[PDB]
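Next comes just one chain, in structure tokens: the form deposited in one PDB entry.
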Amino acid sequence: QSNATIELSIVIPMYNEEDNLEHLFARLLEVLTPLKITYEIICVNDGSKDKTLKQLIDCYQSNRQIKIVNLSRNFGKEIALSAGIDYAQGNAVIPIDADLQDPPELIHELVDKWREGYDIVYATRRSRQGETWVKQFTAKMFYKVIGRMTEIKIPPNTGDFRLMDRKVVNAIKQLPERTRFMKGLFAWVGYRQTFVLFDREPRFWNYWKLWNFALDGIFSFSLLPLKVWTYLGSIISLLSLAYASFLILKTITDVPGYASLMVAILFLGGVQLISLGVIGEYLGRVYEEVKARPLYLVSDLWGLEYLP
């Protein structure tokens, strides 16, 4: 009997990953076979310029469980992962790196946690360890800032390695976004979520790129950087009128030219800052409208059918 349904999906983005495919697939077949469930391996060749696609073709010819999504260009690891998740049909979707930095044997624990009733199972590293002190401090500050300014609780030490149930995968597909912060998106779609500790196996930064990623994470879920300027401009304006009133009082109790210039410069700056703050409020509203996030995400229903 052919089940014709897939219980587990493994999404693996590739970029120049020859001489690693054999080890990858050997370890995965060693791990995914004792689970005794139907599975599929979605290898997303993300615009590699070397002999990576051909070995994927050779593997897929021999093995039915391997499926290949060949992106036209190099779109980036996150976009390749999103494409693989879009083309995955299993009940649970588990991203995996080609170099096998994250252990595959944690798939057993991920599946057990999922079967316990969780919809998201994060695979969080126990300790950063090999990361440099500068990287650790920057990551900690970034996560604290994300927690403070946003209403979203992104778990620490989380990578792409995780398990998403079919509900979460459908909800993520329900988010049309081009500037996506995947960590914040997964934490935004809040189902019953849990984490499993794992110690990265041994022997495993363009800070401009990390800064850009952090900027995307800040901007996609917080509008406060667009709201502060109204209050700052109002404060500066109020200080300007206070200074002008004090100068008038001094004149009656003449104003030097530099004092009048102070007053006018501060007032104009405050008015312009108020204008920028109002425009920033409207621009944040436009962003929230344009991102086209669903108003709500229903998890379970009693007595009703899921809306089209």
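Rigid core (definition): largest C-alpha set, two forms, superposition within 1.5 Å. Residue indices: 1-based, along the sequence shown.
Residue 204 is a gap in at least a third of the other entries compared, counting only those with both neighbours built. The entry shows a gap from residue 253 to residue 254, with 1 to 3 unmodelled residues of the deposited sequence in between.
Going from residue 213 to residue 214, the model skips none of the deposited residues; the chain is continuous there.
Below, we turn to the form deposited in another entry, even though it does not appear here.
Only one of 26, 283, 35, 261 has its Cα shifted by 2 Å or more between the shown form and the other one after fitting on the core, and that residue is 261. After superposing the rigid core, the Cα of residue 104 is displaced by less than 2 Å between the shown form and the other one. Annotation for residue 69: C-alpha shift under 2 angstroms between the shown form and the other one, rigid core superposed. Once the rigid core is used as the reference frame, the Cα position of residue 247 differs between the shown form and the other one by 2 Å or more. Note: the CA-CA distance for residue 150 and residue 279 expands in that other deposited form relative to this form, by 3 angstroms or more.
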